[PDB]
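Structure file target_8.cif (mmCIF, C-alpha atoms and all ligand atoms) is printed below.
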```
data_query
#
loop_
_atom_site.label_atom_id
_atom_site.label_comp_id
_atom_site.auth_asym_id
_atom_site.auth_seq_id
_atom_site.Cartn_x
_atom_site.Cartn_y
_atom_site.Cartn_z
CA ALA A 1 26.20 -77.01 -91.10
CA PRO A 2 23.51 -79.55 -90.22
CA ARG A 3 19.90 -78.43 -90.45
CA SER A 4 19.04 -80.16 -87.15
CA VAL A 5 21.14 -80.77 -84.02
CA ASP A 6 20.08 -82.35 -80.70
CA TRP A 7 22.92 -83.08 -78.27
CA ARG A 8 20.48 -84.82 -75.91
CA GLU A 9 20.36 -87.72 -78.39
CA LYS A 10 24.16 -88.00 -78.08
CA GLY A 11 24.15 -88.13 -74.27
CA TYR A 12 25.59 -84.69 -73.56
CA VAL A 13 22.74 -83.34 -71.42
CA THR A 14 21.57 -83.99 -67.86
CA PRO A 15 17.89 -83.82 -66.89
CA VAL A 16 16.29 -80.43 -66.42
CA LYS A 17 17.06 -78.86 -63.04
CA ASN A 18 15.27 -76.16 -61.03
CA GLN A 19 17.07 -73.08 -59.72
CA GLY A 20 14.15 -72.23 -57.44
CA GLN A 21 13.77 -68.64 -56.24
CA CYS A 22 17.47 -67.76 -56.62
CA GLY A 23 19.12 -65.68 -59.33
CA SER A 24 21.52 -68.48 -60.23
CA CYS A 25 20.55 -69.21 -63.84
CA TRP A 26 24.14 -68.44 -64.83
CA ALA A 27 25.38 -71.39 -62.74
CA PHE A 28 22.89 -73.79 -64.32
CA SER A 29 23.88 -72.61 -67.79
CA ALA A 30 27.57 -73.06 -66.95
CA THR A 31 27.19 -76.54 -65.43
CA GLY A 32 25.13 -77.59 -68.43
CA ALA A 33 27.80 -76.44 -70.86
CA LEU A 34 30.58 -78.01 -68.77
CA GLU A 35 28.58 -81.23 -68.34
CA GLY A 36 28.47 -81.49 -72.12
CA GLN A 37 32.17 -80.83 -72.63
CA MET A 38 33.17 -83.25 -69.86
CA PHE A 39 31.01 -85.90 -71.53
CA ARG A 40 32.62 -85.06 -74.87
CA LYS A 41 36.01 -85.73 -73.28
CA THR A 42 35.40 -88.64 -70.89
CA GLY A 43 32.21 -90.27 -72.13
CA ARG A 44 30.74 -89.94 -68.62
CA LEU A 45 27.75 -87.69 -68.00
CA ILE A 46 27.96 -86.43 -64.41
CA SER A 47 25.69 -83.75 -63.00
CA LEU A 48 27.73 -80.86 -61.61
CA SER A 49 27.18 -78.64 -58.59
CA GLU A 50 25.52 -75.28 -59.17
CA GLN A 51 25.74 -74.65 -55.43
CA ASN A 52 29.52 -74.96 -55.83
CA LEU A 53 29.50 -72.05 -58.28
CA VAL A 54 27.00 -69.95 -56.31
CA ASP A 55 29.03 -70.31 -53.12
CA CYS A 56 32.58 -70.08 -54.42
CA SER A 57 32.87 -68.12 -57.69
CA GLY A 58 32.54 -64.67 -56.12
CA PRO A 59 36.23 -63.92 -56.70
CA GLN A 60 35.68 -64.35 -60.45
CA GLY A 61 32.90 -61.73 -60.44
CA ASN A 62 29.71 -63.70 -59.77
CA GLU A 63 27.22 -62.67 -57.09
CA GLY A 64 25.48 -65.88 -56.11
CA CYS A 65 21.70 -65.60 -56.13
CA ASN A 66 22.04 -61.95 -57.20
CA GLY A 67 23.37 -62.81 -60.66
CA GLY A 68 26.50 -63.97 -62.40
CA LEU A 69 28.02 -64.86 -65.73
CA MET A 70 28.79 -68.24 -67.24
CA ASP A 71 32.23 -67.03 -68.38
CA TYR A 72 32.99 -66.18 -64.74
CA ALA A 73 31.85 -69.68 -63.76
CA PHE A 74 34.16 -71.25 -66.34
CA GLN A 75 36.95 -69.05 -64.98
CA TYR A 76 36.31 -70.31 -61.45
CA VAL A 77 36.52 -73.98 -62.43
CA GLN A 78 39.84 -73.25 -64.14
CA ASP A 79 41.32 -71.11 -61.36
CA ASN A 80 39.93 -73.50 -58.73
CA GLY A 81 41.24 -76.61 -60.48
CA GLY A 82 37.91 -78.39 -60.24
CA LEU A 83 34.19 -78.41 -59.57
CA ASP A 84 32.26 -80.81 -57.36
CA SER A 85 29.51 -83.10 -58.60
CA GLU A 86 25.86 -82.34 -57.91
CA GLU A 87 25.40 -85.36 -55.64
CA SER A 88 28.34 -84.36 -53.43
CA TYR A 89 27.45 -80.63 -53.31
CA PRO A 90 23.67 -80.44 -53.74
CA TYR A 91 21.65 -77.35 -54.56
CA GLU A 92 20.08 -75.31 -51.76
CA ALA A 93 18.77 -72.25 -53.67
CA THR A 94 20.57 -70.00 -51.17
CA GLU A 95 24.06 -68.50 -51.11
CA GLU A 96 26.32 -70.02 -48.44
CA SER A 97 30.00 -70.15 -47.56
CA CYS A 98 32.20 -72.08 -49.98
CA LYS A 99 32.40 -75.81 -49.22
CA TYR A 100 34.34 -76.99 -52.28
CA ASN A 101 36.18 -80.27 -51.68
CA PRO A 102 38.61 -81.28 -54.46
CA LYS A 103 38.28 -84.97 -53.61
CA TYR A 104 34.74 -84.77 -55.04
CA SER A 105 35.72 -82.73 -58.10
CA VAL A 106 34.51 -84.38 -61.31
CA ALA A 107 35.16 -81.59 -63.84
CA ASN A 108 37.88 -79.22 -64.99
CA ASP A 109 38.35 -76.69 -67.77
CA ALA A 110 41.21 -74.66 -69.22
CA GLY A 111 39.22 -71.51 -70.01
CA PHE A 112 36.34 -70.63 -72.29
CA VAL A 113 35.54 -69.50 -75.83
CA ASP A 114 33.35 -66.47 -76.52
CA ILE A 115 31.35 -66.97 -79.71
CA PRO A 116 31.02 -63.97 -82.07
CA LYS A 117 27.69 -62.18 -81.67
CA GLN A 118 26.18 -63.73 -84.79
CA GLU A 119 23.46 -66.35 -84.91
CA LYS A 120 25.41 -67.97 -87.75
CA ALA A 121 28.47 -68.21 -85.48
CA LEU A 122 26.32 -69.73 -82.72
CA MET A 123 24.98 -72.31 -85.17
CA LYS A 124 28.53 -73.32 -86.08
CA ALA A 125 29.39 -73.73 -82.39
CA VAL A 126 26.32 -75.80 -81.53
CA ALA A 127 26.88 -78.00 -84.58
CA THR A 128 30.50 -78.81 -83.71
CA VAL A 129 31.10 -78.24 -79.98
CA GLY A 130 28.08 -79.32 -77.99
CA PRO A 131 25.69 -77.46 -75.71
CA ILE A 132 26.47 -73.73 -75.54
CA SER A 133 25.80 -71.33 -72.67
CA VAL A 134 23.75 -68.32 -73.77
CA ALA A 135 21.96 -65.36 -72.22
CA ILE A 136 18.47 -64.28 -73.28
CA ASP A 137 15.86 -61.66 -72.49
CA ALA A 138 13.39 -63.86 -70.59
CA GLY A 139 11.65 -61.00 -68.77
CA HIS A 140 8.25 -61.44 -70.40
CA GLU A 141 5.03 -63.07 -69.23
CA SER A 142 4.90 -65.00 -72.52
CA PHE A 143 8.09 -66.82 -71.51
CA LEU A 144 6.69 -67.82 -68.11
CA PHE A 145 3.64 -69.48 -69.66
CA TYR A 146 5.34 -71.00 -72.72
CA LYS A 147 4.10 -74.53 -73.46
CA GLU A 148 5.18 -75.53 -76.98
CA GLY A 149 5.93 -74.22 -80.44
CA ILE A 150 8.54 -71.69 -81.49
CA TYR A 151 8.77 -68.91 -78.91
CA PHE A 152 8.66 -65.43 -80.45
CA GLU A 153 8.12 -62.30 -78.34
CA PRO A 154 8.03 -59.06 -80.38
CA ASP A 155 9.11 -56.97 -77.38
CA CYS A 156 12.19 -59.10 -76.66
CA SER A 157 15.47 -57.20 -76.48
CA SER A 158 18.64 -58.26 -78.28
CA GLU A 159 20.74 -56.15 -75.88
CA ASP A 160 19.18 -56.49 -72.39
CA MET A 161 19.56 -60.16 -71.51
CA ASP A 162 18.63 -61.21 -67.97
CA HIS A 163 18.58 -65.03 -67.97
CA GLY A 164 21.25 -67.64 -68.64
CA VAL A 165 20.23 -70.85 -70.40
CA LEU A 166 21.70 -73.68 -72.49
CA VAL A 167 21.37 -74.22 -76.24
CA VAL A 168 21.42 -78.00 -76.72
CA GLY A 169 20.60 -77.96 -80.43
CA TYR A 170 18.55 -76.40 -83.18
CA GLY A 171 15.99 -77.56 -85.68
CA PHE A 172 12.88 -76.64 -87.60
CA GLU A 173 9.15 -77.21 -87.71
CA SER A 174 6.54 -75.93 -90.15
CA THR A 175 4.69 -72.88 -88.85
CA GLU A 176 1.92 -70.52 -89.90
CA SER A 177 4.35 -67.65 -90.49
CA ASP A 178 7.08 -69.71 -92.27
CA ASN A 179 9.51 -68.75 -89.47
CA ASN A 180 10.36 -72.38 -88.89
CA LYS A 181 13.86 -72.38 -87.35
CA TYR A 182 14.45 -72.58 -83.62
CA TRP A 183 17.12 -72.98 -80.97
CA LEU A 184 16.50 -75.92 -78.63
CA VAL A 185 17.03 -74.38 -75.19
CA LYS A 186 17.27 -76.13 -71.84
CA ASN A 187 15.95 -73.94 -69.02
CA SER A 188 16.50 -74.33 -65.27
CA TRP A 189 12.91 -73.76 -64.10
CA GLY A 190 12.08 -77.44 -63.60
CA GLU A 191 10.45 -79.79 -66.08
CA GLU A 192 6.95 -78.48 -65.34
CA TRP A 193 7.86 -75.29 -67.21
CA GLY A 194 7.60 -75.22 -70.97
CA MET A 195 8.08 -78.47 -72.86
CA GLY A 196 9.62 -80.73 -70.24
CA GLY A 197 11.66 -77.74 -69.14
CA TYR A 198 12.71 -76.99 -72.73
CA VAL A 199 11.77 -74.17 -75.12
CA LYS A 200 12.16 -73.66 -78.87
CA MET A 201 13.35 -70.09 -79.37
CA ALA A 202 13.05 -68.31 -82.72
CA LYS A 203 16.26 -68.68 -84.72
CA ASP A 204 17.57 -66.35 -87.43
CA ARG A 205 15.03 -63.68 -86.46
CA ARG A 206 17.15 -60.60 -85.68
CA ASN A 207 19.05 -62.35 -82.87
CA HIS A 208 15.79 -62.86 -81.03
CA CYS A 209 16.01 -62.16 -77.29
CA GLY A 210 19.78 -61.74 -77.63
CA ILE A 211 20.45 -65.47 -77.84
CA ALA A 212 23.67 -64.93 -79.83
CA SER A 213 24.77 -61.87 -77.86
CA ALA A 214 26.58 -63.60 -74.98
CA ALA A 215 27.33 -67.18 -76.06
CA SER A 216 30.30 -69.19 -74.80
CA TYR A 217 31.48 -72.63 -73.74
CA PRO A 218 34.28 -74.08 -71.61
CA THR A 219 37.46 -75.52 -73.08
CA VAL A 220 38.08 -79.02 -71.72
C1 LIG A 301 19.11 -65.73 -63.79
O1 LIG A 301 18.54 -66.42 -62.68
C2 LIG A 301 19.73 -64.41 -63.37
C3 LIG A 301 18.68 -63.47 -62.76
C4 LIG A 301 19.19 -62.07 -62.55
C5 LIG A 301 19.01 -61.09 -63.52
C6 LIG A 301 19.51 -59.81 -63.34
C7 LIG A 301 20.20 -59.49 -62.18
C8 LIG A 301 20.38 -60.45 -61.21
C9 LIG A 301 19.88 -61.73 -61.39
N1 LIG A 301 20.38 -63.77 -64.51
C10 LIG A 301 21.67 -63.41 -64.51
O2 LIG A 301 22.45 -63.70 -63.62
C11 LIG A 301 22.14 -62.61 -65.73
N2 LIG A 301 23.41 -61.97 -65.43
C12 LIG A 301 23.60 -60.65 -65.63
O3 LIG A 301 22.71 -59.85 -65.82
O4 LIG A 301 24.92 -60.36 -65.60
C13 LIG A 301 25.25 -59.12 -64.93
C14 LIG A 301 25.65 -59.42 -63.51
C15 LIG A 301 24.72 -59.29 -62.48
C16 LIG A 301 25.08 -59.58 -61.17
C17 LIG A 301 26.36 -60.00 -60.87
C18 LIG A 301 27.29 -60.12 -61.88
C19 LIG A 301 26.94 -59.84 -63.19
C20 LIG A 301 22.24 -63.50 -66.98
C21 LIG A 301 23.26 -64.60 -66.79
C22 LIG A 301 22.56 -62.68 -68.21
#
```
For this file, produce the structure as C-alpha cells.
Ligand SMILES: *[C@@H](O)[C@H](Cc1ccccc1)NC(=O)[C@@H](NC(=O)OCc1ccccc1)C(C)C
Amino acid sequence: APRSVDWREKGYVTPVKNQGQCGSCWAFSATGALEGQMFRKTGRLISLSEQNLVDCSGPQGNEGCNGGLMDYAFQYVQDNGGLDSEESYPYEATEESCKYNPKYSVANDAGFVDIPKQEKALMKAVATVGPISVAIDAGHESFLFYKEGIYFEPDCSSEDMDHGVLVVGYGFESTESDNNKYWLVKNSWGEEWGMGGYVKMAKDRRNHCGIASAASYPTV
C-alpha cells in the first residue's frame, strides 16, 4: 500500500464541523464517510445532515445525542432511501422529531462494509476506498488539549471506544521515539481543537485507542 494517503487533497472531505454538547459523534463520522463515497461516485462534495441522522435513525438503533453507531447510520440512509444535505437540514445539537424530506436528499447507500479488526486491514481500506469511519477511546484529558504531533496516550483502551471519528488518511513524520506512523483523523469538535480540527493518531502501535476495532464505510 502507499506510505502516505490524504483524501483531503483529492476532494473527498468537507471542512471540520462541530457537534457541540451533544453525543452525536457517530453521525459526524457517518456523514464524513458517506460524503467521501458520494464524492467518489458523483464528483460532487456535498455536506450532509447530521441532524437528519440524530433525529431519524432511532429505528436502526441510534440514540441521538445519547450515542449511536456509524453502521446504524449507514443502515438508516439505505432503509430510508436518502439523506438530506447539511444546508437543507442544519445541525441544532439537540434531538428533535424527524424532518427528513426526500426532495432534499443528496446521498444514498446500499449498505456498509465492516473492516477486519486489524490496523493492516484499515490501512488497505483507507488506501483504496476513501475516508473510513472509526471509533476511538477519546476519554482522556490529553486528547482534549492535543495541538500537534502524533497522539499517543499510554492509558488508551483498544476495547472501550467512546468517540466516533473519520480517518481521512495516514502518513509519517520523524519523531523522538521512532514511532513515526499516524492515522490522519478528522474530529467533529470544531477547527479550534487540535490541528485545524484534525489529529494524528499513533498507527501500528497495538491498535492504539481501538482505531481499528470498529471501522467501516458505506457502499455507494
Ligand atoms: C460521541 O459524541 C459519542 C459520545 C457517547 C459516548 C458513550 C455513550 C454515549 C455517547 N460516542 C458514541 O456515540 C459511541 N457509541 C457507542 O458507545 O456505541 C454504543 C451505543 C450507545 C448509545 C446508543 C447506541 C449505541 C462511539 C460512536 C463509539
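When all atoms listed in the file are used to compute distances to ligand LIG 301 (chain A), the closest of the residues A:99, A:163, A:124, A:117 turns out to be A:163.
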Determine, for each residue of chain A having at least one atom at most 7 Å from an atom of ligand LIG 301 (chain A), the closest pair of atoms and their separation in Å to one decimal, counting all atoms listed in the file; order by chain and ascending number, as a tab-separated table.
```
residue	atom	partner	partner_atom	distance
A:22	CA	A:LIG301	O1	6.3
A:23	CA	A:LIG301	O1	3.5
A:24	CA	A:LIG301	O1	4.4
A:25	CA	A:LIG301	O1	3.6
A:26	CA	A:LIG301	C21	4.4
A:61	CA	A:LIG301	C18	6.0
A:62	CA	A:LIG301	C18	4.8
A:63	CA	A:LIG301	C17	4.7
A:65	CA	A:LIG301	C9	6.8
A:66	CA	A:LIG301	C8	4.6
A:67	CA	A:LIG301	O2	3.2
A:68	CA	A:LIG301	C18	4.0
A:69	CA	A:LIG301	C21	4.9
A:70	CA	A:LIG301	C21	6.6
A:135	CA	A:LIG301	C22	4.9
A:136	CA	A:LIG301	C22	6.7
A:161	CA	A:LIG301	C22	5.1
A:162	CA	A:LIG301	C22	4.2
A:163	CA	A:LIG301	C20	4.1
A:164	CA	A:LIG301	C21	4.1
```
Subject >> Atomic distance CA of residue 110 in chain A - CA of residue 166 in chain A, expressed in Å with one decimal >> reply: 19.8 Å
Original post:
Counting all atoms listed in the file, which of A:83, A:202, A:138, A:212 gets nearest to residue 175 in chain A?
Top reply: A:202
Which neighbours of range 205-211 of chain A fall inside 10 Å, counting only C-alpha atoms, when residues of the same chain fewer than 4 positions from it are skipped, and could you give them as a short mmCIF file (atom, residue, chain, number, x, y, z; two decimals) with C-alpha atoms, keeping the file's coordinate frame?
```cif
data_model
loop_
_atom_site.label_atom_id
_atom_site.label_comp_id
_atom_site.auth_asym_id
_atom_site.auth_seq_id
_atom_site.Cartn_x
_atom_site.Cartn_y
_atom_site.Cartn_z
CA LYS A 117 27.69 -62.18 -81.67
CA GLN A 118 26.18 -63.73 -84.79
CA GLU A 119 23.46 -66.35 -84.91
CA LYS A 120 25.41 -67.97 -87.75
CA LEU A 122 26.32 -69.73 -82.72
CA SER A 133 25.80 -71.33 -72.67
CA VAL A 134 23.75 -68.32 -73.77
CA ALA A 135 21.96 -65.36 -72.22
CA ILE A 136 18.47 -64.28 -73.28
CA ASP A 137 15.86 -61.66 -72.49
CA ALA A 138 13.39 -63.86 -70.59
CA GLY A 139 11.65 -61.00 -68.77
CA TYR A 151 8.77 -68.91 -78.91
CA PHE A 152 8.66 -65.43 -80.45
CA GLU A 153 8.12 -62.30 -78.34
CA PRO A 154 8.03 -59.06 -80.38
CA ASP A 155 9.11 -56.97 -77.38
CA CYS A 156 12.19 -59.10 -76.66
CA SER A 157 15.47 -57.20 -76.48
CA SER A 158 18.64 -58.26 -78.28
CA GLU A 159 20.74 -56.15 -75.88
CA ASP A 160 19.18 -56.49 -72.39
CA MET A 161 19.56 -60.16 -71.51
CA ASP A 162 18.63 -61.21 -67.97
CA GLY A 164 21.25 -67.64 -68.64
CA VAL A 165 20.23 -70.85 -70.40
CA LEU A 166 21.70 -73.68 -72.49
CA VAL A 167 21.37 -74.22 -76.24
CA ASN A 179 9.51 -68.75 -89.47
CA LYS A 181 13.86 -72.38 -87.35
CA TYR A 182 14.45 -72.58 -83.62
CA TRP A 183 17.12 -72.98 -80.97
CA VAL A 185 17.03 -74.38 -75.19
CA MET A 201 13.35 -70.09 -79.37
CA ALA A 215 27.33 -67.18 -76.06
#
```
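Atom pair CA of residue 148 in chain A / CA of residue 195 in chain A has a distance of 5.8 Å (rounded to one decimal).
The interatomic distance for the pair CA of residue 96 in chain A and CA of residue 109 in chain A works out to 23.7 Å.
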Original post:
Can you tell me, as JSON, numbers by chain, what residues are no more than 10 Å from residue 38 in chain A when counting all atoms listed in the file, ignoring any on the same chain fewer than 3 positions away?
Top reply: {"A": [12, 32, 33, 34, 35, 41, 42, 43, 44, 45, 46, 106, 107, 108, 109, 218, 219, 220]}
**OP:** Could you check which of A:102, A:2, A:131, A:59 is closest to residue 36 in chain A, using all atoms listed in the file?
**Re:** A:131
Original post:
In terms of the shortest atom-to-atom distance over all atoms listed in the file, which of A:17, A:200, A:40, A:3 is closest to residue 188 in chain A?
Top reply: A:17
Subject >> All residues 7 Å or closer to residue 93 in chain A, all atoms listed in the file, same chain fewer than 6 positions away omitted, as JSON, numbers by chain >> reply: {"A": [19, 20, 21, 22]}
Original post:
Got a sec: who's within 12 Å of residue 15 in chain A, counting all atoms listed in the file, leaving out chain neighbours fewer than 3 positions off, as number ranges by chain?
Top reply: A: 8, 11-12, 18, 28, 31-32, 35, 45-48, 168, 186-191, 196-198
Got time to write the residues from that selection, C-alpha atoms, as a PDB file, in the coordinates of the input?
```pdb
ATOM      1  CA  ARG A   8      20.480 -84.820 -75.910  1.00  0.00           C
ATOM      2  CA  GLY A  11      24.150 -88.130 -74.270  1.00  0.00           C
ATOM      3  CA  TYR A  12      25.590 -84.690 -73.560  1.00  0.00           C
ATOM      4  CA  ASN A  18      15.270 -76.160 -61.030  1.00  0.00           C
ATOM      5  CA  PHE A  28      22.890 -73.790 -64.320  1.00  0.00           C
ATOM      6  CA  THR A  31      27.190 -76.540 -65.430  1.00  0.00           C
ATOM      7  CA  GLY A  32      25.130 -77.590 -68.430  1.00  0.00           C
ATOM      8  CA  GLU A  35      28.580 -81.230 -68.340  1.00  0.00           C
ATOM      9  CA  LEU A  45      27.750 -87.690 -68.000  1.00  0.00           C
ATOM     10  CA  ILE A  46      27.960 -86.430 -64.410  1.00  0.00           C
ATOM     11  CA  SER A  47      25.690 -83.750 -63.000  1.00  0.00           C
ATOM     12  CA  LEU A  48      27.730 -80.860 -61.610  1.00  0.00           C
ATOM     13  CA  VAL A 168      21.420 -78.000 -76.720  1.00  0.00           C
ATOM     14  CA  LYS A 186      17.270 -76.130 -71.840  1.00  0.00           C
ATOM     15  CA  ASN A 187      15.950 -73.940 -69.020  1.00  0.00           C
ATOM     16  CA  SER A 188      16.500 -74.330 -65.270  1.00  0.00           C
ATOM     17  CA  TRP A 189      12.910 -73.760 -64.100  1.00  0.00           C
ATOM     18  CA  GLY A 190      12.080 -77.440 -63.600  1.00  0.00           C
ATOM     19  CA  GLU A 191      10.450 -79.790 -66.080  1.00  0.00           C
ATOM     20  CA  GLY A 196       9.620 -80.730 -70.240  1.00  0.00           C
ATOM     21  CA  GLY A 197      11.660 -77.740 -69.140  1.00  0.00           C
ATOM     22  CA  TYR A 198      12.710 -76.990 -72.730  1.00  0.00           C
TER      23      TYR A 198
END
```
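For the choices A:30, A:149, A:72, A:58, the atom-to-atom distance to residue 180 in chain A is smallest for A:149 when using all atoms listed in the file.
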